[PDB]
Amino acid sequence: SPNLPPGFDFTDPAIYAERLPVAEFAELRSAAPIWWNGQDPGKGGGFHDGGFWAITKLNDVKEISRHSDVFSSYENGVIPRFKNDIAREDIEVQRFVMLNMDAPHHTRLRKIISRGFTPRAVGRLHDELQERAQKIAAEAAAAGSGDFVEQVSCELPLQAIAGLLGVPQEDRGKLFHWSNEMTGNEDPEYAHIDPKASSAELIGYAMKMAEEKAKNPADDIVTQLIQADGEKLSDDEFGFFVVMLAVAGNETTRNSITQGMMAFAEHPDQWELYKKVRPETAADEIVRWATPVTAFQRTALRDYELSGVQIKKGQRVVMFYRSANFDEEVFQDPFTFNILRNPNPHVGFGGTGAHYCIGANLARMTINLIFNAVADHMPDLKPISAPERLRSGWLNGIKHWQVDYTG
């Protein structure tokens, strides 16, 4: 039995509102790398099965991710924590997006959606995103100091979304608002916000966009998505595409930027090296270090033995990427922030398999462009005060972080 407090729950949002439980994950890797995480009645964050298998080793994460035929995303979704009193109906709605589907449905959507994440679609946004990154960093440097999350981390990921969807500048303000309103709904700072209403607004805007583009086809992703190659996103599916993209492409990359800069602030030797060399390998080490998604879950569709543990049909497994990305048997000096690290087989974008992050290259470009812009415009920036973390059971978020850009 691992040396943990009685009743300890790795999906407890109260933990992540304070800290990442690095030491507790290290104890699991050392003493029980696949450990049953029991959950008292009504304290399962919306699931009522008594607990889940905590997965803490990178190889087990990869095994679960590659065996999607067995470990299902559709069955219970991939988010392993909601409000304890959430309604099952409000969990199953997740199934309307590609992330929480199984083959064959998922296979079909994935193939169509790939049209929007080709090296062309991504690479074409480089010049505008580079321009926007440089302006953002310039604006922050002129301000002298402020909330790094709002002034440096937030905009560029959202502009990458808008650019990819070809959203007109006039509607980006409201688009960004709706996207943000579906973030951090479990944290008291946002407890007054109705995310269901914002999702309905996004779906609506997405439909006008798809209908408008059907009548006026152009050389851009949305038209490629509603156009038939005879496979094409249905009007509805395109709305759920936008919702999923407005959500998946926002907080995760944002939080990679905040926590990457926190890493640089704590390891100035790495910041001095970065500013000189600008290594393209930095983005992956920032994603490994930041692990913006702490965990996604799966559900066993049949009995499966994983590293000597008998997982039973119907049981949940929770893949703790935050643990796996510091696996002492995979990484040399996992607790060293090393922007030259290469190869870097982290699972911050998930394990290799059917659901691997389709936006990983877009995320890497966003990260490299903003940090290049930070190095260009505020090379001497230093933190003012401690970051404020997000209350979430599965997202690793930084809400606010005060920084002095002039140093």
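Superpose the two forms; the largest set of C-alphas matching within 1.5 Å is the rigid core. Residue indices: 1-based, along the sequence shown.
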| item | value |
| --- | --- |
| Comparing 245-253 and 180-188 where Cα RMS over structures and residues is taken in 8 other deposited structures of this protein (core fit), larger one | 180-188 |
| Rigid core superposition result in 8 other deposited structures of this protein, more deviant of 270-278, 114-122 by Cα | 114-122 |
| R95 unmodelled in at least a third of other compared entries | no |
| Unmodelled in at least a third of other entries of this protein, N216 | yes |
| Missing from the model but present in the deposited sequence, between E212 and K213 | none |
| Mean C-alpha temperature factor, higher of 368-376 and 59-67 | 59-67 |
| Residue stretch of maximal mean CA temperature factor, 152-160 vs 220-228 | 220-228 |
| From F117, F335, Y190, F296, residue of greatest CA B-factor | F117 |
| Selection by C-alpha B-factor (highest) of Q94, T281, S179, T252 | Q94 |
| Among modelled residues of the same chain, the CA temperature factor third for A248 | middle |
| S145 - which third its CA temperature factor falls in, relative to the rest of the chain | middle |
| Cα B factor band for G46 (lowest, middle or highest third within the chain) | highest |
| Position of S198 among the chain's modelled residues by C-alpha B-factor, lowest, middle or highest third | middle |
| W289 by Cα B-factor - lowest, middle or highest third of the modelled chain | lowest |
